[PDB]
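So the structure is just underneath, and the comments pick up after that.
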Amino acid sequence: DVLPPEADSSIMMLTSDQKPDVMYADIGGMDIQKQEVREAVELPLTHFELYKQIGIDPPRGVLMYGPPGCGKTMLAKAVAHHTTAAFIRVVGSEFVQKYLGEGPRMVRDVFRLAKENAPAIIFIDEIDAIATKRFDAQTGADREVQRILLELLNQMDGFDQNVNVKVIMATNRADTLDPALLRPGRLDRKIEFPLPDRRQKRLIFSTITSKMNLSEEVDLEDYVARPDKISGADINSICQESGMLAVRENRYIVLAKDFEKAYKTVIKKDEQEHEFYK
Amino acid sequence: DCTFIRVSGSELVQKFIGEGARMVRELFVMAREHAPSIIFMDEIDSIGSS
Amino acid sequence: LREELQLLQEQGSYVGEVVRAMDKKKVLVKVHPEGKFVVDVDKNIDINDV
Amino acid sequence: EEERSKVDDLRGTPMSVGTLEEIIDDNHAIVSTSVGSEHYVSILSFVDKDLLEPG
Amino acid sequence: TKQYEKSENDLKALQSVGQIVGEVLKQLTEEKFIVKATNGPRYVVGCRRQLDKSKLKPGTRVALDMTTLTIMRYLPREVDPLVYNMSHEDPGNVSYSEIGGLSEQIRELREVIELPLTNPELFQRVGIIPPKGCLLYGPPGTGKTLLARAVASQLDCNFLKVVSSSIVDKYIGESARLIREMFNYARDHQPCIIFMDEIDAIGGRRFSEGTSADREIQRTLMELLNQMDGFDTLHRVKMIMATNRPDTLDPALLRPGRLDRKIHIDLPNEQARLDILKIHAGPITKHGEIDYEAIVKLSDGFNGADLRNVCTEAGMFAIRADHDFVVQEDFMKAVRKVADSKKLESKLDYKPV
Amino acid sequence: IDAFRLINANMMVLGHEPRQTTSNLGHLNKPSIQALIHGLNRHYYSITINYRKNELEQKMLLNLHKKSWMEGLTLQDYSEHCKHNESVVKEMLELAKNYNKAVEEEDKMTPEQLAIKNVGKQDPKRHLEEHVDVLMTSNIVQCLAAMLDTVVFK
Amino acid sequence: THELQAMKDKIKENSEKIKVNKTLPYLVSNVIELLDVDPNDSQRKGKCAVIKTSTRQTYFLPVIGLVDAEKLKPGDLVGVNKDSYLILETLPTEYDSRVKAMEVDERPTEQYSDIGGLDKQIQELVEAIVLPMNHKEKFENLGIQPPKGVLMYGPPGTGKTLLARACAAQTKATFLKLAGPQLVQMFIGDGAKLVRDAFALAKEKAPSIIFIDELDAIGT
Amino acid sequence: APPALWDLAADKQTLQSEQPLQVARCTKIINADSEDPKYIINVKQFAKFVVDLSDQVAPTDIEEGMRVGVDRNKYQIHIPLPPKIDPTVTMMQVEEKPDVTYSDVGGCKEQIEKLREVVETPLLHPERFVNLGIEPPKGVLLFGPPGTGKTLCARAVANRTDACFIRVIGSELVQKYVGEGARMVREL
Ligand SMILES: Nc1ncnc2c1ncn2[C@@H]1O[C@H](COP(=O)(O)OP(=O)(O)OP(=O)(O)O)[C@@H](O)[C@H]1O
Ligand SMILES: Nc1ncnc2c1ncn2[C@@H]1O[C@H](COP(=O)(O)OP(=O)(O)OP(=O)(O)O)[C@@H](O)[C@H]1O
Ligand SMILES: Nc1ncnc2c1ncn2[C@@H]1O[C@H](COP(=O)(O)OP(=O)(O)OP(=O)(O)O)[C@@H](O)[C@H]1O
């Protein structure tokens with residue numbers, strides 16, 4: 001007799017009911033990334049027939065890149081509170097084991113619980129691990145699990161079409177990803193995380209200042225101007241550093257002084273008088 | 001109606017065809033096995049790389 | 001099903017892959033987890049069909 | 001004649017295909033097969049032992 | 001005489017063979033349980049009547065019968081390498097008072113480490129998240145490992161030390177998943193302090209794609225990175241990282257979260273040099289006539305380790321003079337000469353930021 | 001069950017090969033049935049087992065388990081199945097109605113597909129038959145429902 | 001009162017029965033100590049320990065039987081017989097072959113009388129090695145910390161190698177020949193484990209002397 | 001066919017000799033000695049066995065790192081094996097048979113003489129140099145213009161007195177997958 005389904009094996013499913021951390025009200029800066037992701041995730045998941053009406057085949061391919069800043073998993077935590085679906089949280093390296101015979105069953109199990117519990121969303125973090133090519137026998141199991149990445153690449157062809165799956169993907173470095181993965185027909189969407197900008201500066205300052213105590217002396221004009229001459233950044237974590245320089249004290253509410261201090265702490269370097277060209 | 005064959009191809013064209021070699025021969029042995037066949041250069045067309 | 005179970009109970013049955021055939025009626029058979037073997041006729045299946 | 005109906009019972013029916021590792025002047029040959037296995041083989045038949053050579 | 005017969009009767013109980021360990025996957029029904037041995041094979045089997053279905057739960061380490069392949073007794077958890085990681089011994093206490101510089105660096109780490117544990121209430125009021133990581137690097141100067149190690153023995157509580165050689169694991173770089181084990185028992189035994197030394201070997205940048213194991217290490221990162229980008233609360237646990245240079249750490253580890261703070265070691269100031277000199281003059285025997293400032297002025301730019309090596313060399317020069325009490329004149333001899341030789345061997349000491 | 005007997009090991013010099021009335025010996029040693037079973041032919045020999053009746057208590061022992069499915073008064077759970085006879089049984093008949101639409105519109109393509117494959121080569125799909133269980137459950141429904149006019153009336 | 005000899009007879013007969021389970025402590029396995037009690041569900045209490053194998057399998061067995069939990073922290077090399085899965089004795093120490101013992105140097109044939117002109121600089125070499133041995137009693141009084149590593153370098157010759165080795169016969173301390181590039185191996189983590197294993201038996205053979213060459217090659 | 005007839009007809013004695021020593025699998029490297037009777041041994045099967053030895057082999061003949069045969073049933077030591085390392089790289093390193101005798105010299109006198117006395121004379125008359133020693137030199141270095149590279153060695157091939165010598169090609173030392181050259185250079 002066969003598996004019910006689905007009793008696994010491994011991972012497992014669920015574990016996400018007592019989670020996630022916070023809703024999507026946190027990150028309000030992007031707004032151009034969410035319009036892509038929301039339309040590429042929750043809309044195809046809610047109405048499958050609406051796409052068939054207009055005659056457009058909704059892709060399952062979601063690609064993210066650009067860090068820093070981090071972006072990425074924050075969106076997974078948001079979409080977790082938007083819709084009720086089954087979420088897979090797995091580390092790129094988590095399935096690699098001592099025996100290659102477990103790989104194919106594992107990816108198959110992920111997918112078969114996905115189709116049984118559909119609607120469902122699967123998130124693997126930084127698959128660029130298994131995207132690198134090697135020929136040795138010791139990496140021969142790594143080659144087998146990248147042919148397993150190709151085997152799930154075949155299984156998602158099994159998902160074509162209609163019911164069902166959702167695959168979101170992120171990586172710190174996209175230069176190591178093989179063109180077969182980014183090829184259209186499987187991942188049709190490439191979303192790049194942009195560097196924070198002025199519009200995003202004021203949003204990234206509002207969101208951190210709501211959670212932490214603020215002072216009337218503290219003004220965001222010079223903080224959206226002077227750091228905007230270079231950064232860039234990471235800006236949020238420097239505001240967190242203003243919290244961490246308030247917790248260096250012995251302080252009631254943070255003032256302008258600690259912010260100005262967090263700038264000169266971490267990090268800037270010059271680098272260079274050679275820049276005297278401009 | 002002839003078969004369509006692309007050049008490398010990554011990674012997995014090398015493993016599927018032999019272990020290791022000139023790589024232009026064993027592949028050509030597959031094209032000899034199935035004829036007619038068309039060979040295509042895919043792709044390495046980029047500004048990278050310019 | 002009982003008798004057939006008895007013949008498949010001890011060793012079951014393997015899955016063979018022929019790497020090469022020999023003129024001595026013995027055919028080279030390779031198993032994936034295992035090494036390369038070779039086994040004789042096998043009269044039910046003709047040699048030219050292998 | 002009778003030798004063909006004799007030596008066949010010794011090798012068959014199943015047999016494995018290994019690789020030769022090294023030869024000893026005692027006619028014991030050290031063979032290596034999948035995966036990482038060794039042994040002492042001494043046979044006086046069909047050899048051709050000098051033309052084999054390890055590898 | 002009879003105690004021996006007690007042991008021999010114990011052998012009669014040793015006639016019962018052991019069992020095979022296995023993890024509980026799921027249960028199809030009350031007569032069907034899916035278990036997986038550590039070896040890789042899976043088995044759907046039953047269970048006896050002593051165990052409770054609710055107490056079992058999936059992902060539980062249990063022992064399977066040699067033949068029936070069914071659960072008899074269970075264990076909550078086990079881990080074989082960690083016991084070694086909990087046996088590190090740091091003297092001081094006193095050694096913590098003898099390190100001297102850098103004072104204000106110590107006053108930063110004392111807080112970022114100790115305060116979140118003793119006063120978690122102050123953080124929740126302001127809304128500031130306690131830093132879950134910190135970076136201490138050298139050797140522009142020295143004292144990295146010493147200072148942090150002293151905190152292990154000062155704060156007491158729990159401490160865990162990991163040598164960078166445990167990541168390879170030869171074939172099957174599963175030690176990456178041994179990081180998940182590490183953080184498992186870090187979530188159990190919390191609070192705890194974790195040290196990471198020579199991270200540059202295990203946190204490199206995979207700039208030039210090559211060889212083989214270059215990639216496996218990149219996969220060990222993914223365990224660190226994803227567990228510190230969680231999906232997990234590391235607030236209670238603490239981690240310390242050290243390197244020769246922050247060149248290989250990638251934008252991943254130079255980013256906050258994983259590494260919130262960064263404290264570079266600096267060359268000992270002459271004022272701090274007097275201090276560190278003082279703590280090494282204590283155990284040593286000298287003449288009643290002593291002047292430390294001569295040494296401070298003569299010794300500039302040296303490492304706190306190199307100062308101690310110079311003091312010891314001053315003493316190791318006195319044994320040739322065989323004298324019990326040793327004047328600082330002989331000291332300034334050995335000091336000046338040998339230390340300056342250290343400057344000749346000081347080539348390529350300049351390290352990046 | 002099973003049964004065994006220890007043969008004497010010191011008899012190994014004399015004839016070890018009885019018995020008389022070899023009938024039951026032949027049926028007992030069979031089937032052989034693997035290897036481990038045959039590994040006990042030496043040093044051991046089995047011995048036949050046959051039930052005896054004791055048919056009186058066996059007769060009641062059948063009727064105890066069979067009557068277990070039956071009710072105590074016998075008019076209780078059948079009339080509770082008469083309370084069931086209209087529940088949610090009109091809704092359970094809507095369950096059967098969905099099985100009869102959904103399985104039949106895909107089993108009406110099978111007579112056309114038989115012309116494509118020509119004819120009954122493998123196959124199966126499936127999605128095939130399953131209407132037997134639907135008819136049997138509907139027949140249980142109509143019979144337990146026919147009990148209404150018998151029970152409710154007098 | 002004479003029945004004590006009867007029980008003596010049964011404990012010796014059972015010891016002879018222990019001999020058949022003591023032959024032979026064939027396989028090597030790794031140990032994980034554990035102590036737990038299992039409530040039911042009349043009561044059953046004790047201690048049970050987890051065991052590894054050399055065949056990649058990991059078993060579960062009651063605590064040995066014979067040697068108690070007085071020793072030790074999770075170890076290895078424990079002798080256990082085939083499918084019995086019982087450890088009769090815990091056998092030391094560590095491992096393995098050339099990794100256990102890099103090189104066994106009895107003594108070099110050369111002595112310090114075969115060199116000349118180094119009298120000034122041979123004294124600094126002889127000092128760092130000889131002074132810790134005999135004068136420890138002096139160092140405890142003077143608070144002196146002995147040197148450990150010494151950097152000897154130059155083009156041949158010099159001839160540092162022969163002199164450094166020759167003085168090791170005069171100190172009687174155990175000498176372990178080690179080459180730098182030996183740390184490089186076909187597989188990963190070998191050099192790390194190798195150094196740990198090197199100072200292991202150095203602590204067992206203490207005092208001793210370990211020498212390496214071409215450090216510049218493996219320390220770039 | 002006659003030689004193969006007698007070749008295949010020796011299997012009747014071969015099968016009687018096939019009962020012993022055919023269970024000698026496999027070759028295993030030893031580890032440490034705890035006592036005299038008992039030795040810990042490792043095998044490529046990955047199972048490390050601690051076992052005794054057969055009474056037909058003197059225990060004093062087994063030294064740490066010696067590979068020995070095993071009777072898998074009893075696991076006891078059967079027979080030691082002198083050869084250990086290495087696969088085919090060694091046999092490729094070995095050369096045999098002479099060629100290019102001394103009559104192939106192109107007139108070089110002092111050259112060929114001074115290199116003759118470094119190699120051929122010490123092994124031609126060993127007692128001579130040991131008597132009058134001092135000590136023969138370690139070796140030589142050849143280089144310069146191409147004529148005549150590498151042929152002068154062929155002279156030592158044909159002038160080799162008894163035991164053949166081994167020639168080695170340079171580029172085979174450096175190989176992909178670093179760490180192969182370490183084993184390489186050591187074993188030879
Ligand atoms: N509003 C915000 N804008 C940008 N970054 C934020 C914001 N809020 C939190 N973060 C940062 O995002 C981090 C967590 O993001 P995530 O879990 O996606 O990491 P990641 O993107 O996987 O890491 P990396 O990209 O460096 O591998 C936190 O450390 C926090 O500093
Ligand atoms: N502040 C200090 N007080 C006392 N001793 C010190 C101090 N700093 C360094 N030392 C000496 O230096 C030795 C090593 O300490 P530390 O961890 O700083 O070295 P390290 O960081 O490994 O040096 P490097 O980074 O150059 O390898 C100790 O044995 C100690 O005696
Ligand atoms: N200054 C010296 N005094 C005495 N003997 C010397 C001196 N220099 C060289 N020799 C002799 O030269 C011989 C060759 O030694 P060599 O210099 O090659 O060794 P080495 O340089 O120590 O080797 P390595 O380079 O591996 O360290 C030695 O036998 C040594 O006795």
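Counting starts with 1 at the first residue shown.
Using N, Cα and C of the backbone, Cβ positions are placed for all residues, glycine too.
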Of the residues H:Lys44, H:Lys48, the one that Swiss-Prot lists under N6-acetyllysine: H:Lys44
Sequence-ordered list of residues in the chain of H:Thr148 (ATP binding site) that lie 6 or more positions away and have a Cβ within less than 8 Å of its Cβ, or none, is H:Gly106
Not counting H:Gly144, H:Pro145, H:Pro146, H:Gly147, H:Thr148, H:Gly149, H:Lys150, H:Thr151, residues with a CB within 8 A of the CB centroid of the ATP site are H:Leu152
Quick one: Cα separation, H:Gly149 (ATP binding site) versus H:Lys44 (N6-acetyllysine), in Å? 45
Quick one, of the recorded positions H:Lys44, H:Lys150, which Cβ has the fewest other Cβ within 10 Å? H:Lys150
Recorded positions near chain D, Cβ-Cβ under 8 Å, from H:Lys44, H:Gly144, H:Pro146, H:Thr151: H:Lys44
Mapped onto three states, the DSSP assignment of H:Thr151 (ATP binding site) reads helix
I'd like the Cβ neighbour count for H:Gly144 (ATP binding site), meaning other Cβ atoms within 10 Å of its Cβ, all protein chains included. 7
Surrounding CB atoms that lie within 10 Å of the CB of H:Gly147 (ATP binding site), all protein chains: 7
Of all the binding-site residues given, H:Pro145, H:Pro146, H:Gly149, which residue's CB has the most CB neighbours within 10 A? H:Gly149
Spatial separation of H:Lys44 (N6-acetyllysine) from H:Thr151 (ATP binding site) - C-alpha basis, Å: 44
Please report how many Å separate the Cα atom of H:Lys44 (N6-acetyllysine) from that of H:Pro146 (ATP binding site), as a whole number. 48
